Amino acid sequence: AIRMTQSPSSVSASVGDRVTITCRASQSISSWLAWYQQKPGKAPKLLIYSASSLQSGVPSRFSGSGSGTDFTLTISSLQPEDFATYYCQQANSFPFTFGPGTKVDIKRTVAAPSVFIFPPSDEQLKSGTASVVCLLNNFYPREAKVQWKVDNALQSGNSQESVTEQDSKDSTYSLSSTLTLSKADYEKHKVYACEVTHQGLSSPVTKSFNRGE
């Protein structure tokens, strides 16, 4: 029954920064609150228990505070190994419940995506399906929006995307978005357009092609 919330959902910070994350329980849990760190492909690790007790071996730059419903995790001077997702968990009562996580990623200057478009291959089209790909390359921050348009008509429900992990050299993200239609539909329309919206762009950018060129 006890719902756990976290804010912000994500934070951008630099090495040396002080970072504070908050957790909230839907009712009072006294000090029965734990914090965990998780990195990609790895198990959670315990940092803080009893709201403010530091787990043995955990660096003293991590610290927790709060009691009742409102709680704080503070990383006082962030190190490269601290970029990760942080989760809270109420340890008060069944069912044990976790907050949704706060991702701390690497701050750099804003970088607009380079936007490229790829029509479907000859090979694929013969086999009866058409995949159109839109690449958003080397951008920051993470937040971005792709919209697909086909003869200027907006599309919904027929596209999928994924995003790379933040690049260890340049701290950017890349994103791939795939539009999938049958060969029958694909050959009805002409203009396939990817329209991208992002902080680094002063207005949304469109890349497109004409089927059969």
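Start at 1 with the first residue shown and count on from there.
*Asks:* On mean Cα temperature factor in this entry, is 175-183 or 149-157 the higher one?
*Replies:* If you average the C-alpha B-factors of 175-183 and of 149-157, the larger mean comes out for 149-157.
*Asks:* Would you tell me which stretch averages the higher CA B-factor in the PDB entry, 54-62 or 38-46?
*Replies:* Mean B over CA atoms: larger for 54-62.
*Asks:* Sort 133, 125, 78, 136 by C-alpha B-factor from the entry and give me just the highest.
*Replies:* Comparing C-alpha B-factors across 133, 125, 78, 136, the maximum falls on 125.
*Asks:* Between 20, 12, 9, 202, which one tops the list for Cα B-factor in this entry?
*Replies:* Comparing C-alpha B-factors across 20, 12, 9, 202, the maximum falls on 202.
*Asks:* Would the CA B-factor of residue 93 place it in the lowest, middle or highest third of its chain?
*Replies:* It falls in the bottom third of the chain.
*Asks:* Compare the C-alpha B factor of residue 99 with those of the other modelled residues in its chain, then answer lowest, middle or highest third.
*Replies:* Lowest third.
*Asks:* Using the temperature factors of the C-alpha atoms in this entry, rank residue 114 within its chain: lowest, middle or highest third.
*Replies:* It falls in the middle third of the chain.
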